[PDB]
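Residue numbers (the deposited numbering), protein chains in the order written: chain B, 0 to 127; chain A, 1 to 127.
Have a look at the structure below before the remarks.
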Amino acid sequence: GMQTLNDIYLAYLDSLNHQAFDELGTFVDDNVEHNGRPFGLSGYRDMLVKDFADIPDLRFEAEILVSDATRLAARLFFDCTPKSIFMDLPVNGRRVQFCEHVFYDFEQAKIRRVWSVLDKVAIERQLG
Amino acid sequence: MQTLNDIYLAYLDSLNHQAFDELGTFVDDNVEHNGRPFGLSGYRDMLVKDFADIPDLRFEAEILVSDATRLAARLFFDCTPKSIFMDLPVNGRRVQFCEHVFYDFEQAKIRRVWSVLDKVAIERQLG
């Protein structure tokens with residue numbers, strides 16, 4: 000049936016998994032803000048391009064999705080292999096599992112504001 | 001009919017008054033927190049330790065998103081851990097950080113919790 004924020008979001012994650020960033024503006028506002036950085040669609044694209052450069056096998060998968068008319072919260076689970084430094088940790092090609100908890104404010108079916116927290120402690124424990 | 005949002009704000013209010021005799025009103029007997037199946041008693045012990053470590057701890061939601069069975073909260077903390085906190089030497093410095101937390105509710109009570117705290121924000125403040 001009729002699409003919901005959940006559908007839009009899972010389509011966004013799909014494009015991310017195929018690294019289809021020419022399509023990014025379908026899902027992300029021109030003036031998107033991420034963790035208070037007002038860096039826009041192109042800053043957001045650069046951020047994702049860098050994430051994949053740093054973690055070639057990165058893949059996005061939501062464990063939990065909660066949403067209403069304007070907002071979506073996702074628990075995303077990662078099982079991946081950062082090449083080098085990641086969150087100032089010398090991961091250095093080891094496979095690690097960690098989650099990200101992220102809130103999205105949508106405006107006109109596109110991500111407008113993002114607040115994200117990654118589980119650095121989970122990574123520390125795996126290296127420690 | 002009571003929304004998850006109302007129940008959750010009532011829960012945070014009880015926490016802010018350290019009213020942990022009432023905790024079972026809001027938390028299931030078999031509550032699991034970050035994969036630890038430690039029950040209502042384990043959960044109470046966790047909160048009791050949080051307040052012992054951080055006397056000025058106070059719970060306030062900046063964002064709430066909920067449906068029939070789940071609630072996600074962005075909570076903002078401005079507080080003063082007495083000592084070591086997330087293995088950092090905070091040691092009586094006032095720090096600001098958020099927690100992003102998902103709750104599964106069963107019969108009006110918190111049954112499962114997944115929480116991530118912003119360690120990086122604290123690092124930036126000490127660093």
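Where is the CB? At the ideal position from N, CA and C, for every residue including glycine.
Check	Outcome
Is there contact here, the segment 83-102 of chain A with the segment 18-36 of chain A, by at least three beta-carbon pairs under 8 Å?	no
Taking the alpha-carbon positions, what's the A/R94 to B/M1 distance?	48 Å
Can you list, in chain order, the residues of the segment 111-127 of chain A whose Cβ is nearer than 9 Å to any Cβ on chain B?	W114, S115, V116, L117, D118, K119, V120, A121, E123
So what does DSSP say about B/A108, is it helix, strand or coil?	coil
Taking DSSP as the reference, what is the three-state secondary structure of A/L57?	coil
What is the DSSP secondary structure of A/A121, reduced to helix, strand or coil?	helix
Could you give the DSSP three-state label for B/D67: helix, strand or coil?	coil
Could you spell out the range, first to last residue, of the beta strand (DSSP E) harbouring B/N16?	First-last for B/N16: 4-16, but that is the alpha helix (DSSP H), not the beta strand (DSSP E).
Counting Cβ pairs closer than 8 Å, one from the segment 8-20 of chain A and one from the segment 51-63 of chain A, do we hit at least three?	yes
Could you give the residue range of the beta strand (DSSP E) that holds B/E32?	27-33
On the premise that B/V101 lies in contact with A/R70, defined as a C-beta separation below 8 Å, what is that separation, rounded to the nearest angstrom?	Not really, about 15 Å apart at Cβ, beyond 8 Å.
Under 8 Å, do B/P81 and B/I54 count as touching if we go by C-beta distance?	yes
Figure out for me which residue from A/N30, A/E106, A/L40 has the closest Cα to the Cα of A/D67.	A/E106
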